[PDB]
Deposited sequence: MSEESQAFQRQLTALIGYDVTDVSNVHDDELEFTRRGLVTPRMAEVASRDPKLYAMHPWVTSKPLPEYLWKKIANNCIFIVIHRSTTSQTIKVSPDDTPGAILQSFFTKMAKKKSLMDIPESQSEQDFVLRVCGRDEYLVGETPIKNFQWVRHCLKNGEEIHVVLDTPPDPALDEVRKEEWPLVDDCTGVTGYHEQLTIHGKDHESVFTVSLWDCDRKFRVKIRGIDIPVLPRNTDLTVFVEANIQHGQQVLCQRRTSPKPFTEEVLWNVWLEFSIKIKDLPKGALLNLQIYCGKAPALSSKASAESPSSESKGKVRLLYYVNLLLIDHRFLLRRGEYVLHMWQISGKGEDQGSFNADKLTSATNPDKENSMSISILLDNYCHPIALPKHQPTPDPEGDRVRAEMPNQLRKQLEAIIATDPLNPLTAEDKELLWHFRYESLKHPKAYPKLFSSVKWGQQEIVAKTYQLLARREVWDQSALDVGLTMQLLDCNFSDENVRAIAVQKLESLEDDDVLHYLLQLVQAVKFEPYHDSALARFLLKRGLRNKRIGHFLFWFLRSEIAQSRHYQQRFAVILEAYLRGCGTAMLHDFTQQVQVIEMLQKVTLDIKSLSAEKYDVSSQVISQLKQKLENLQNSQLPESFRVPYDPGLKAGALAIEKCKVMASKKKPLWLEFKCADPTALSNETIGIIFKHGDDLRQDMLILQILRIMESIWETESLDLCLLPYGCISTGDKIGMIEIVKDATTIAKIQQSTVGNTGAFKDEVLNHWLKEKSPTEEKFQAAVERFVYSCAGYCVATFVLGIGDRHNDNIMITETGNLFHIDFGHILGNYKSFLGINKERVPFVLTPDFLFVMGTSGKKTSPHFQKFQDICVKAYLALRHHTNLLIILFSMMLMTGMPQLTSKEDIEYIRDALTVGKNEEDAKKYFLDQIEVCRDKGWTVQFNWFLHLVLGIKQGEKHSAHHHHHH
């Protein structure tokens, strides 16, 4: 239709990819998926209530942390209901409801309405305690006053959606392979390797005679396998690889309609470079112009009580209580299997139990599917994200195992889906098929909530504009989401995508007009400013929503405050004005555009940091972390949130001494001066101690605590925070300037440094209580976030770091040891840091 085809062009521009393309495809799994996601989209949109969907109340059922009550020791909240002039400050109770609250206002005013926060697209509605709104806790945690404005409920009419209406051994013939360009140094040979895979696990492997690596190499040789056609499990993967490893490609032997792949195929392959999630994609290489290829032929159809002793039961248990990174063995597996009804009564044993299943045999898989049939213990157990996330990684390809995994996620409330959305989304790369429990689950949660949906949009978009391996799949999941969020949501995303395109065009140009040789010369300096105008004209929207912070709505770009950070690279530093007039602060909005870093690795790292707070919180601890917003929007490019009143530590040093040259007291001077009243400098020391320990533990477990001062920042208010995360040693950073702030010197004691270790070990062991969770996220971050890593050696770092095994009491000491190693280096390495880091 003249406009229907027009709408698709819209969704296409938003999505950054053309789902309506069938150029790079060899079947119809995608279309079937769009076809298939239509249902899930429909059930949810219909189900979602406009009354709450249009205001996305953001709340939690978790208990208000123990470190957030001193604020309210009078069981009285100081909400400050605004309006237009009369800002009456009502008093409510930590239990009152946005309804009751509206009462203590109209009850205090005499002779519909909703209370959204001032300067933010956040409403405080819904039958939920005023203490269960993340905002109220945000205000309580920052000493800020809980404000709010009396305004009418948003016309839900806006959340309007456009109208919607054999028992033979497996065989495989390798015809040959081809590549346009040949002339490559060596005159070596090459062979093809066909592997039948299921969950990383190879179930068979066949090769080919080493023929010379010429422009074209035909083999016309059948590759007979041992596995029988009735044993190939759903999810199985024919992994073709070229060795001389330089090229790989995959092809599911069992389609989406439960049929066995049969026919001629010309697969364009991915190039390798010298484990990670890309080697797993069922996608073919889009660039059929200069990429290796392989012709194969497929032609061969539906789909297919005593009690453990005591000593052995003592053996099974020792297996169960082991980290995920600890491999298994022929015996452990046979043990876990033969007693599959025993190990079944233990949820934590599911990952290991399913790793001992011989998927390459119909009979065994058949039994396995019968094991799952009864999930009393699992379905009844408390939700364990660690364990759940484990059944969604690269090791589980059976949809039924993975399926129960999503079954527990179903039990997650928004606030928790926000804490994991990113990894949940990265986990879709492990799914063997496009349409899946996990996708269906992400898609629904997106539609049911505008916050999750906003973040789903960018997380998926991040993958589509950068991942050839997984764009088609993500794009298809995105389009499905876009057709259910609403007309408003669309208007928003559109405005957002436009602003970034241009600001990204500006970003790359400036980087060009500026040589490696540090400059920020008059010229480029005059250029950026000149550039920031050709856009502020009309094209660049008068306003737009902030991708890393959905509430905030940026307006005009304050050219007068925009610049270009030094850095080898040339990140851009932009600032806008809040498009909301009801704001009660002068604070503009600072976003940092940059090119050069894999801004995805950053995202993941900040994601983990928010998961380390959440943990610390449940254990009543607060290490004041500042995981700033960051959204990767393309290959080596994205945006960064700008924390107000923050300075690099290095600059804090060279702000008293010299350049090339470190006064241990430089920091304590900055804090006292950059602070009005002493009552405040006291605070600053407080927030500095907590957040300081915070990045100490966190950065350590992650193995990213050895960084040059230039990547460490602090605020005039006391909060410190690391930055830059895209990839004499040391644990972390506890330099004399910090140590000094706490009040200490070479080997000493203090009311603060004592607090420092006091807060650390407590937060550290707290993390140790989530060893398995941390390991799994960690292990998923490498597989989808970093190049290609050994499925052992690289993940193993997290295992030694978190010191799995050791008794708490020891670890309690282990940390401190690492702490003393600090003094041992004083300014050693920090002074050294100019060279480089490796290994």
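- Sequence ranges 1, 113-126, 181-214, 294-317, 348-354, 381-382, 387-401, 759, 826-838, 951-966 have no coordinates in this entry (deposited sequence, numbered from 1, C-alpha basis).
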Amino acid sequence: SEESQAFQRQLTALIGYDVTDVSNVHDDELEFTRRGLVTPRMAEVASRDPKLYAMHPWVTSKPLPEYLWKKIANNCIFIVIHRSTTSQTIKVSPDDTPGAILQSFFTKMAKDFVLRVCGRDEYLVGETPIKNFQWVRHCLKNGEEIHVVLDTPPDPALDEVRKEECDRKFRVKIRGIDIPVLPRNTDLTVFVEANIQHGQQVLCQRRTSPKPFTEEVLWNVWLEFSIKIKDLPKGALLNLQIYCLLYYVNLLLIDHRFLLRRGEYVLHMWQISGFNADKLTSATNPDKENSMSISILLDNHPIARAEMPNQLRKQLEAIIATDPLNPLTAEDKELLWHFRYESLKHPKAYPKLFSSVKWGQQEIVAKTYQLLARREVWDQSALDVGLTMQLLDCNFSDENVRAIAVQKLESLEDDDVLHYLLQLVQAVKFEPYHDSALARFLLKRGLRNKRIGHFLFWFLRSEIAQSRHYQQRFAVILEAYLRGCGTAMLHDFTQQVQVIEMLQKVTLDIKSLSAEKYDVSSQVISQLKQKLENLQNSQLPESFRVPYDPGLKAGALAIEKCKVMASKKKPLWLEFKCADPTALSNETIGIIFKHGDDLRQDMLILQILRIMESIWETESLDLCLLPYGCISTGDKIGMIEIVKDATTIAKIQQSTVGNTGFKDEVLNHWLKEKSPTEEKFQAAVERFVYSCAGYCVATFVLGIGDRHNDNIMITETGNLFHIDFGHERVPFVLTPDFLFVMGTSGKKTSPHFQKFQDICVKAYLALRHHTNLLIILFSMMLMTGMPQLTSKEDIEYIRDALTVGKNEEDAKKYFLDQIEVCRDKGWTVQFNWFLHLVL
From here on, numbers count along this sequence of modelled residues.
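If you superpose the two forms and keep the largest set of C-alpha atoms that fall within 1.5 Å, you have the rigid core.
- Comparing the two stretches 700-708 and 474-482 by root mean square C-alpha distance in 8 other deposited structures of this protein, with all structures fitted on the core, the more displaced one is 700-708.
- Choosing between 487-495 and 742-750, the greater Cα displacement from the shown form in 8 other deposited structures of this protein, fitted by the core, goes with 742-750.
- In the other compared entries of this protein that model both flanking residues, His301 lacks coordinates in at least a third of them.
- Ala110 is a gap in at least a third of the other entries compared, counting only those with both neighbours built.
- Checked against the record, the higher mean CA B factor of 468-476 and 675-683 lies with 675-683.
- Just going by the entry, 38-46 versus 59-67 on mean CA temperature factor gives the higher value to 59-67.
- Residue-level inspection of the entry shows that, of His198, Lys408, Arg440, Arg374, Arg374 has the top Cα B-factor.
- The residue among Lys173, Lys644, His491, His752 whose C-alpha carries the highest B-factor in the deposited model is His752.
- In the PDB entry, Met786 places in the highest third of its chain by CA B-factor.
- For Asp28, the recorded CA B-factor ranks within the lowest third of the chain. Only modelled residues enter the ranking.
- Per-chain ranking of the deposited C-alpha B factor places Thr12 in the lowest third.
- When the CA B factors of the chain's modelled residues are split into thirds, the value for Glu193 lands in the lowest one.
- Looking at the C-alpha B-factors along this chain, the one for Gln423 belongs to the lowest third.
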